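Q: File input36.tsv below, TSV, C-alpha atoms:
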chain	number	residue	atom	x	y	z
A	195	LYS	CA	-46.10	-4.85	-13.23
A	196	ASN	CA	-43.10	-4.89	-10.92
A	197	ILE	CA	-41.73	-8.26	-9.83
A	198	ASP	CA	-38.35	-9.37	-8.48
A	199	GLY	CA	-37.06	-5.81	-8.68
A	200	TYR	CA	-37.81	-5.50	-12.40
A	201	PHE	CA	-40.40	-2.97	-13.58
A	202	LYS	CA	-41.93	-4.78	-16.53
A	203	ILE	CA	-43.74	-2.56	-19.02
A	204	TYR	CA	-45.57	-3.81	-22.10
A	205	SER	CA	-47.06	-1.43	-24.59
A	206	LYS	CA	-49.06	-1.20	-27.77
A	207	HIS	CA	-50.05	1.64	-30.04
A	208	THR	CA	-52.91	0.88	-32.35
A	209	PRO	CA	-55.14	2.71	-34.82
A	210	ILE	CA	-58.79	2.78	-33.83
A	211	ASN	CA	-62.04	3.73	-35.57
A	212	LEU	CA	-64.29	4.70	-32.66
A	213	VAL	CA	-65.10	7.51	-30.24
A	214	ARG	CA	-66.67	5.69	-27.28
A	215	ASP	CA	-65.11	2.67	-25.60
A	216	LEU	CA	-62.85	-0.34	-25.81
A	217	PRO	CA	-63.26	-2.01	-29.21
A	218	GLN	CA	-63.83	-5.66	-30.03
A	219	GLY	CA	-60.42	-6.92	-31.11
A	220	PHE	CA	-57.29	-8.67	-30.00
A	221	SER	CA	-53.61	-7.81	-29.83
A	222	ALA	CA	-50.76	-8.11	-27.37
A	223	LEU	CA	-48.25	-5.81	-25.71
A	224	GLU	CA	-44.64	-6.80	-26.27
A	225	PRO	CA	-42.14	-5.72	-23.63
A	226	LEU	CA	-40.72	-2.24	-24.13
A	227	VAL	CA	-38.73	-1.38	-21.02
A	228	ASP	CA	-37.42	-3.22	-17.99
A	229	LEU	CA	-36.23	-1.17	-15.02
A	230	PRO	CA	-34.32	-2.60	-12.04
A	231	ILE	CA	-36.15	-0.28	-9.66
A	232	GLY	CA	-36.11	-2.72	-6.76
A	233	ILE	CA	-38.53	-0.37	-5.00
A	234	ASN	CA	-41.97	-1.38	-3.81
A	235	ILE	CA	-44.83	0.64	-5.30
A	236	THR	CA	-48.34	0.67	-3.85
A	237	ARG	CA	-49.98	3.65	-5.56
A	238	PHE	CA	-49.95	5.62	-8.77
A	239	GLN	CA	-51.65	8.43	-10.64
A	240	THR	CA	-51.77	9.46	-14.27
A	241	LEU	CA	-50.54	12.73	-15.75
A	242	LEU	CA	-52.51	14.66	-18.35
B	486	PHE	CA	-6.77	32.83	20.38
B	487	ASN	CA	-8.12	29.35	21.24
B	488	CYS	CA	-10.51	29.82	18.30
B	489	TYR	CA	-9.01	28.14	15.24
B	490	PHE	CA	-10.53	27.65	11.81
B	491	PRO	CA	-10.93	23.87	11.28
B	492	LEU	CA	-10.20	24.34	7.57
B	493	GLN	CA	-6.83	25.07	5.97
B	494	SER	CA	-5.42	25.02	2.44
B	495	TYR	CA	-2.94	22.88	0.53
B	496	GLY	CA	0.15	24.69	-0.70
B	497	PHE	CA	1.06	23.20	-4.10
B	498	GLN	CA	4.23	24.45	-5.74
B	499	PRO	CA	6.09	22.33	-8.33
B	500	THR	CA	9.12	22.78	-6.05
B	501	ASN	CA	7.49	20.98	-3.11
B	502	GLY	CA	8.84	17.55	-2.25
B	503	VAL	CA	7.56	14.44	-3.98
B	504	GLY	CA	5.78	13.43	-0.78
B	505	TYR	CA	4.57	17.04	-0.57
B	506	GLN	CA	3.06	16.86	-4.09
B	507	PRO	CA	-0.53	16.85	-5.37
B	508	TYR	CA	-1.90	13.40	-6.20
B	509	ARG	CA	-5.26	13.06	-7.94
B	510	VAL	CA	-7.18	10.44	-5.96
B	511	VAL	CA	-9.94	8.25	-7.41
B	512	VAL	CA	-11.88	6.09	-4.94
B	513	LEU	CA	-13.88	3.29	-6.57
B	514	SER	CA	-16.56	1.96	-4.22
B	515	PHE	CA	-18.76	-1.01	-5.14
B	516	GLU	CA	-22.03	-2.26	-3.69
B	517	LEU	CA	-23.70	-5.62	-4.34
B	518	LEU	CA	-27.03	-5.56	-2.54
B	519	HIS	CA	-30.17	-7.54	-3.30
B	520	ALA	CA	-30.91	-5.36	-6.33
B	521	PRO	CA	-29.89	-6.76	-9.73
B	522	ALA	CA	-26.50	-5.87	-11.17
B	523	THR	CA	-26.59	-3.02	-13.69
B	524	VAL	CA	-22.96	-2.17	-14.58
B	525	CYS	CA	-21.07	-5.01	-16.23
B	526	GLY	CA	-18.10	-5.82	-18.45
B	527	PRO	CA	-18.06	-6.05	-22.24
B	528	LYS	CA	-16.94	-9.63	-22.93
B	529	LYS	CA	-15.76	-10.05	-26.54
B	530	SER	CA	-16.93	-12.89	-28.76
B	531	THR	CA	-15.45	-15.26	-31.30
B	532	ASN	CA	-16.70	-15.93	-34.80
B	533	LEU	CA	-19.75	-18.09	-35.57
C	1	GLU	CA	20.42	-0.97	-7.74
C	2	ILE	CA	17.88	0.90	-5.63
C	3	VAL	CA	19.87	3.75	-4.07
C	4	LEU	CA	18.12	5.49	-1.18
C	5	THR	CA	18.64	9.26	-1.13
C	6	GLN	CA	18.54	10.54	2.44
C	7	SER	CA	18.39	14.28	3.06
C	8	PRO	CA	19.71	16.14	4.81
C	9	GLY	CA	23.06	14.52	5.62
C	10	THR	CA	23.13	16.45	8.89
C	11	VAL	CA	20.37	18.00	11.00
C	12	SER	CA	20.85	20.04	14.17
C	13	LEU	CA	17.75	20.51	16.32
C	14	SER	CA	16.72	21.27	19.89
C	15	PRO	CA	14.67	18.95	22.12
C	16	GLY	CA	10.93	19.14	21.56
C	17	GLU	CA	11.28	20.08	17.90
C	18	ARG	CA	9.84	17.92	15.13
C	19	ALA	CA	12.51	16.03	13.17
C	20	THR	CA	11.72	14.73	9.68
C	21	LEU	CA	14.05	12.38	7.81
C	22	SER	CA	13.58	12.26	4.04
C	23	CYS	CA	14.28	9.06	2.12
C	24	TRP	CA	13.92	9.00	-1.66
C	25	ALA	CA	14.55	5.93	-3.81
C	26	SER	CA	15.97	5.94	-7.33
C	27	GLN	CA	13.10	3.68	-8.39
C	28	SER	CA	9.56	3.52	-7.05
C	29	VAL	CA	9.48	1.07	-4.14
C	30	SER	CA	6.43	-1.18	-4.27
C	31	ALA	CA	4.16	-1.69	-1.25
C	32	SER	CA	6.26	0.65	0.92
C	33	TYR	CA	9.34	-1.58	1.21
C	34	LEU	CA	11.11	0.81	3.55
C	35	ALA	CA	12.72	-0.01	6.88
C	36	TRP	CA	14.15	2.53	9.32
C	37	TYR	CA	17.17	1.95	11.53
C	38	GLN	CA	18.55	4.22	14.25
C	39	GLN	CA	22.18	3.57	15.19
C	40	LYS	CA	23.44	5.08	18.42
C	41	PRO	CA	27.15	5.96	18.35
C	42	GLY	CA	29.01	2.84	19.36
C	43	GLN	CA	25.78	0.83	19.25
C	44	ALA	CA	24.36	-1.77	16.89
C	45	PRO	CA	21.59	-1.06	14.36
C	46	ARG	CA	18.18	-0.67	15.98
C	47	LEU	CA	14.99	-1.02	13.97
C	48	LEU	CA	12.51	1.86	14.17
C	49	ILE	CA	9.93	1.46	11.38
C	50	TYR	CA	9.06	-1.57	9.25
C	51	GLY	CA	7.17	-1.31	6.00
C	52	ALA	CA	7.55	2.49	6.33
C	53	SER	CA	4.30	2.57	8.34
C	54	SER	CA	4.64	-0.20	10.93
C	55	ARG	CA	6.80	0.88	13.85
C	56	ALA	CA	9.15	-1.63	15.44
C	57	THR	CA	8.16	-3.38	18.66
C	58	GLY	CA	8.85	-1.27	21.74
C	59	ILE	CA	9.95	1.74	19.68
C	60	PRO	CA	8.50	5.03	20.99
C	61	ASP	CA	5.34	6.48	19.49
C	62	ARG	CA	7.30	9.66	18.74
C	63	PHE	CA	8.79	7.78	15.79
C	64	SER	CA	6.64	7.89	12.67
C	65	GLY	CA	7.24	6.98	9.03
C	66	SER	CA	5.57	8.39	5.93
C	67	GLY	CA	5.72	8.39	2.15
C	68	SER	CA	5.04	6.07	-0.79
C	69	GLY	CA	6.73	5.14	-4.05
C	70	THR	CA	9.96	7.14	-4.26
C	71	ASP	CA	9.39	9.01	-0.98
C	72	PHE	CA	10.00	7.68	2.52
C	73	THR	CA	9.80	10.05	5.45
C	74	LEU	CA	10.64	9.41	9.10
C	75	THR	CA	9.09	11.77	11.66
C	76	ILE	CA	10.07	12.30	15.29
C	77	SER	CA	7.28	14.56	16.52
C	78	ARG	CA	8.96	15.44	19.84
C	79	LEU	CA	12.74	15.20	19.94
C	80	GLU	CA	14.31	13.22	22.77
C	81	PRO	CA	17.72	13.72	24.44
C	82	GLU	CA	18.74	10.26	23.23
C	83	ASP	CA	17.31	10.74	19.73
C	84	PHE	CA	20.50	12.39	18.41
C	85	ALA	CA	21.81	9.41	16.46
C	86	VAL	CA	22.30	8.30	12.87
C	87	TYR	CA	19.22	7.03	11.07
C	88	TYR	CA	19.63	4.76	8.05
C	89	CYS	CA	16.73	3.64	5.87
C	90	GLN	CA	16.76	0.29	4.07
C	91	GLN	CA	14.76	-0.62	0.96
C	92	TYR	CA	14.02	-4.30	0.35
C	93	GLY	CA	11.81	-4.21	-2.74
C	94	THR	CA	14.53	-5.69	-4.91
C	95	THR	CA	16.81	-8.68	-4.44
C	96	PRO	CA	19.79	-6.33	-3.95
C	97	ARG	CA	18.59	-5.11	-0.57
C	98	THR	CA	20.05	-1.63	-0.13
C	99	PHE	CA	20.13	0.97	2.62
C	100	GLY	CA	20.49	4.73	2.75
C	101	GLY	CA	23.61	6.62	3.72
C	102	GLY	CA	22.24	7.74	7.08
C	103	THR	CA	21.12	11.09	8.47
C	104	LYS	CA	22.85	12.48	11.56
C	105	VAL	CA	20.66	14.15	14.20
C	106	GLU	CA	22.73	16.90	15.82
C	107	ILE	CA	22.20	19.16	18.83
D	1	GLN	CA	16.50	-15.30	26.52
D	2	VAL	CA	16.88	-13.97	22.97
D	3	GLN	CA	20.51	-13.17	22.18
D	4	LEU	CA	22.66	-13.42	19.04
D	5	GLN	CA	26.39	-13.56	19.79
D	6	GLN	CA	28.75	-12.94	16.88
D	7	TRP	CA	32.21	-14.47	16.58
D	8	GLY	CA	34.88	-15.26	14.02
D	9	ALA	CA	35.88	-11.67	13.24
D	10	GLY	CA	39.40	-10.25	13.19
D	11	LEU	CA	42.12	-8.86	10.96
D	12	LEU	CA	42.74	-10.76	7.72
D	13	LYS	CA	45.25	-10.37	4.91
D	14	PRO	CA	43.92	-9.63	1.41
D	15	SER	CA	42.43	-12.46	-0.70
D	16	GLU	CA	42.00	-14.68	2.39
D	17	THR	CA	38.74	-16.22	3.64
D	18	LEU	CA	36.73	-16.07	6.85
D	19	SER	CA	33.99	-17.97	8.66
D	20	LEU	CA	31.48	-16.11	10.82
D	21	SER	CA	29.88	-17.41	13.99
D	22	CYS	CA	26.47	-16.26	15.22
D	23	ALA	CA	25.33	-18.11	18.34
D	24	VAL	CA	21.58	-17.74	18.86
D	25	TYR	CA	19.88	-18.34	22.20
D	26	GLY	CA	16.14	-18.83	22.55
D	27	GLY	CA	15.64	-18.87	18.77
D	28	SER	CA	15.21	-21.68	16.26
D	29	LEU	CA	17.57	-20.67	13.46
D	30	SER	CA	16.30	-23.49	11.23
D	31	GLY	CA	12.75	-22.23	11.83
D	32	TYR	CA	13.13	-18.49	11.30
D	33	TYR	CA	14.81	-16.48	8.57
D	34	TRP	CA	18.38	-15.32	9.22
D	35	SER	CA	20.52	-12.67	7.51
D	36	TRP	CA	23.95	-11.11	8.04
D	37	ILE	CA	24.38	-7.33	8.05
D	38	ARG	CA	27.66	-5.48	7.46
D	39	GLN	CA	28.45	-1.79	7.87
D	40	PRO	CA	31.78	-0.29	6.78
D	41	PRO	CA	33.17	2.42	9.08
D	42	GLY	CA	31.14	5.56	8.53
D	43	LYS	CA	28.78	3.96	6.01
D	44	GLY	CA	25.23	2.67	6.16
D	45	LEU	CA	24.01	-0.90	6.40
D	46	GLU	CA	24.57	-3.35	3.56
D	47	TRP	CA	22.59	-6.58	3.30
D	48	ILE	CA	25.01	-9.25	2.09
D	49	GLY	CA	23.21	-12.56	2.51
D	50	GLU	CA	20.08	-14.11	3.97
D	51	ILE	CA	19.10	-17.72	4.64
D	52	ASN	CA	15.52	-18.92	4.66
D	53	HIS	CA	14.66	-21.28	7.49
D	54	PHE	CA	13.60	-24.12	5.18
D	55	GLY	CA	17.13	-23.94	3.76
D	56	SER	CA	16.88	-21.39	0.98
D	57	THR	CA	19.72	-18.87	0.93
D	58	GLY	CA	20.69	-15.81	-1.07
D	59	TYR	CA	23.69	-13.53	-1.35
D	60	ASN	CA	24.12	-9.93	-2.44
D	61	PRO	CA	25.86	-9.34	-5.79
D	62	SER	CA	28.95	-7.88	-4.11
D	63	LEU	CA	29.43	-11.20	-2.29
D	64	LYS	CA	28.03	-13.49	-5.02
D	65	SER	CA	30.25	-16.56	-5.62
D	66	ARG	CA	32.47	-15.46	-2.67
D	67	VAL	CA	30.18	-15.85	0.36
D	68	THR	CA	28.45	-18.91	1.79
D	69	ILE	CA	26.03	-18.85	4.72
D	70	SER	CA	24.91	-22.00	6.52
D	71	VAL	CA	23.62	-23.07	9.92
D	72	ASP	CA	24.46	-25.89	12.32
D	73	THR	CA	21.12	-27.02	13.72
D	74	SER	CA	23.24	-29.40	15.81
D	75	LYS	CA	24.45	-26.24	17.58
D	76	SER	CA	21.79	-23.71	16.47
D	77	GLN	CA	24.51	-21.43	15.12
D	78	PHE	CA	24.51	-19.11	12.11
D	79	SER	CA	27.61	-19.15	9.93
D	80	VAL	CA	28.67	-16.76	7.18
D	81	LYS	CA	31.69	-17.98	5.20
D	82	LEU	CA	33.32	-15.41	2.92
D	83	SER	CA	36.14	-16.17	0.49
D	84	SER	CA	38.46	-14.05	-1.66
D	85	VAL	CA	38.31	-11.16	0.82
D	86	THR	CA	39.70	-7.70	0.05
D	87	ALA	CA	39.97	-4.17	1.42
D	88	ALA	CA	36.40	-3.22	0.49
D	89	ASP	CA	34.99	-6.09	2.57
D	90	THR	CA	35.99	-4.31	5.79
D	91	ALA	CA	32.69	-3.75	7.61
D	92	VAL	CA	30.96	-4.50	10.91
D	93	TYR	CA	29.06	-7.78	10.54
D	94	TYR	CA	26.11	-8.28	12.89
D	95	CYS	CA	23.79	-11.25	12.36
D	96	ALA	CA	20.04	-10.67	12.55
D	97	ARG	CA	16.78	-12.49	11.95
D	107	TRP	CA	19.94	-8.36	15.77
D	108	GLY	CA	23.37	-9.38	17.03
D	109	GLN	CA	26.19	-7.40	18.60
D	110	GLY	CA	28.33	-6.66	15.55
D	111	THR	CA	31.67	-8.08	14.46
D	112	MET	CA	34.24	-5.81	12.86
D	113	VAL	CA	36.07	-7.31	9.88
D	114	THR	CA	39.42	-5.77	8.94
D	115	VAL	CA	40.96	-6.77	5.61
Go ahead and render the structure in this file as structure tokens.

A:
Amino acid sequence: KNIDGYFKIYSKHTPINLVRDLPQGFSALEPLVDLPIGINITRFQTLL
Amino acid sequence: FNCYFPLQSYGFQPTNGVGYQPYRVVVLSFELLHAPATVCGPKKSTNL
Amino acid sequence: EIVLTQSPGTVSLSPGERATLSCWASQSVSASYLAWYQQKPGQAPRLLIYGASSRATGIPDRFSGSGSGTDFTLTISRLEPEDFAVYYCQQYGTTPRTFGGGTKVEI
Amino acid sequence: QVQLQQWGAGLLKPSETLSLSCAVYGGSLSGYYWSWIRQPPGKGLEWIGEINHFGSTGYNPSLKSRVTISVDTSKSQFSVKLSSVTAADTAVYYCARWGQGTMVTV
């Protein structure tokens, strides 16, 4: 999320025991990086 | 004739006059736009 | 104690030539504290350049000053028939306000 | 309009004193800075003393404790009083804020 010029990113690695879909469980994503981009963003695309 | 190169060289000898001497020039330009500040000064603390 | 070193002591030039007066100070002069005076023979001191960059009021645009620190330089881009006079520079960056010895513009 | 007329110069014996006159026209001496400028024959200019309009005054080290500059607002005149004169004090004194020059022989 990018608000007030700051590009908030929250992240979480986690071990899983599954091969199909999103598991039943709870955890959070603490902040990792804040970037003072100050640039509007309206699109994106992932990189494999 | 009437076609002159707009570019010419400095002649720097150590014998040239003090006003005719090389001077390394550093221009420090600052901007403070709506983006957040990113480059600050390392204030030093006291004990606890 | 600031002694202004003017060079050369004499300068002979023809009209239309560019005349440069050099003015060096024994100590670096802060904020270009250099004033230029041209003294016609039998005439009182006449200010030419103030602050080494600001010309006096009504002085011709042919007069020009240059330099910083321990260098002050007065330029007359196009010599004039009445420009053959003694030019003395004065440095007022210290309480003992001192002037240069004067450079004579010859023919 | 603007003119600064010098007076009080002349030939003086050694160790004597002198009082300069500098009549200003069109100017407010008490409201603008004033200084006296001497020039020995064949030399450059030498700033001796200056007087701030509010009243502050200063003198060059060569004239320190020997010179005294003051102004008569009652006449709007600039004065430069020198004492304990000598041979080296011979110079052309013109008063500026320039004036016409006043040769001092001693």

Q: To one decimal place in Å, what is the distance between CA of residue 73 (chain D) and CA of residue 56 (chain D)?

A: 14.6 Å

Q: Tell me, as a PDB file with C-alpha atoms, in the frame of the given file, which residues lie within 12 Å of residue 505 (chain B), counting all atoms listed in the file; anything in the same chain fewer than 5 positions away does not count.

A:
ATOM      1  CA  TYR B 495      -2.940  22.880   0.530  1.00  0.00           C
ATOM      2  CA  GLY B 496       0.150  24.690  -0.700  1.00  0.00           C
ATOM      3  CA  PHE B 497       1.060  23.200  -4.100  1.00  0.00           C
ATOM      4  CA  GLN B 498       4.230  24.450  -5.740  1.00  0.00           C
ATOM      5  CA  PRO B 499       6.090  22.330  -8.330  1.00  0.00           C
ATOM      6  CA  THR B 500       9.120  22.780  -6.050  1.00  0.00           C
TER       7      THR B 500
ATOM      8  CA  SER C  22      13.580  12.260   4.040  1.00  0.00           C
ATOM      9  CA  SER C  66       5.570   8.390   5.930  1.00  0.00           C
ATOM     10  CA  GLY C  67       5.720   8.390   2.150  1.00  0.00           C
ATOM     11  CA  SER C  68       5.040   6.070  -0.790  1.00  0.00           C
ATOM     12  CA  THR C  70       9.960   7.140  -4.260  1.00  0.00           C
ATOM     13  CA  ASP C  71       9.390   9.010  -0.980  1.00  0.00           C
ATOM     14  CA  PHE C  72      10.000   7.680   2.520  1.00  0.00           C
ATOM     15  CA  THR C  73       9.800  10.050   5.450  1.00  0.00           C
TER      16      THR C  73
END

Q: When you get a sec, could you note down which chain A residues fall within 9 Å of chain B, using all atoms listed in the file, as a PDB file with C-alpha atoms, keeping the file's coordinate frame?

A:
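The resulting file, iface.pdb, is shown below:
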ATOM      1  CA  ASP A 198     -38.350  -9.370  -8.480  1.00  0.00           C
ATOM      2  CA  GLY A 199     -37.060  -5.810  -8.680  1.00  0.00           C
ATOM      3  CA  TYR A 200     -37.810  -5.500 -12.400  1.00  0.00           C
ATOM      4  CA  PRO A 230     -34.320  -2.600 -12.040  1.00  0.00           C
ATOM      5  CA  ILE A 231     -36.150  -0.280  -9.660  1.00  0.00           C
ATOM      6  CA  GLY A 232     -36.110  -2.720  -6.760  1.00  0.00           C
TER       7      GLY A 232
END

Q: Using only C-alpha atoms, select each residue of chain B with any atom at most 9 Å away from an atom of chain C, and give the selection as a PyMOL selection string.

A: chain B and resi 502-504

Q: One decimal, in Å: what's the spacing between CA of residue 56 (chain C) and CA of residue 42 (chain D)?

A: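 That distance, rounded to one decimal, is 24.1 Å.
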
Q: Within 10 Å of region 39-51 of chain C, counting only C-alpha atoms, which residues show up once you throw out same-chain ones fewer than 3 positions away? Write them as number ranges by chain, please.

A: C: 31-36, 54-60, 63-66, 74, 82-92, 102, 104; D: 37, 39, 44-45, 92-94, 96, 107-111

Q: Please define a box with edges along x, y and z of the file around all atoms of region 39-54 of chain D given in the file, extend it by 8 Å on each side, and return its centre and edge lengths in Å to one decimal, as lines of an AutoDock Vina configuration file.

A:
center_x = 23.4
center_y = -9.3
center_z = 5.6
size_x = 35.6
size_y = 45.7
size_z = 23.0

Q: Compute the distance from (33.3, -17.7, -2.0) to each atom, counting only C-alpha atoms, keep the residues with any atom at most 6 Å away, and return them as a CSV table (one decimal) with C-alpha atoms, in the coordinates of the input; use the coordinates of the file.

A:
chain,number,residue,atom,x,y,z
D,65,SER,CA,30.2,-16.6,-5.6
D,66,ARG,CA,32.5,-15.5,-2.7
D,67,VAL,CA,30.2,-15.8,0.4
D,82,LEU,CA,33.3,-15.4,2.9
D,83,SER,CA,36.1,-16.2,0.5

Q: Excluding same-chain residues fewer than 5 positions from residue 17 (chain C), what lies within 9 Å of it counting only C-alpha atoms, as a list in words?

A: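 Near residue 17 (chain C), the qualifying residues are residues 76, 77, 78, 79 and 80 of chain C.
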
Q: To one decimal place in Å, what is the distance between CA of residue 228 (chain A) and CA of residue 196 (chain A)?

A: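 Straight-line distance from CA of residue 228 (chain A) to CA of residue 196 (chain A) works out to 9.2 Å.
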
Q: Do a neighbour search on residue 34 (chain D) at 7 Å with all atoms listed in the file, toss out local chain neighbours closer than 2 positions, and write the hits as a ChimeraX atom specification.

A: /D:29,32,50-52,96-97

Q: Could you give me, as a Markdown table, every chain C residue with an atom at most 6 Å from chain D, plus its closest atom pair and distance in Å to one decimal, counting all atoms listed in the file, rows ordered by chain then number?

A:
| residue | atom | partner | partner_atom | distance |
| --- | --- | --- | --- | --- |
| C:96 | CA | D:60 | CA | 5.8 |
| C:97 | CA | D:47 | CA | 5.8 |
| C:99 | CA | D:45 | CA | 5.7 |
| C:101 | CA | D:44 | CA | 4.9 |
| C:102 | CA | D:44 | CA | 6.0 |
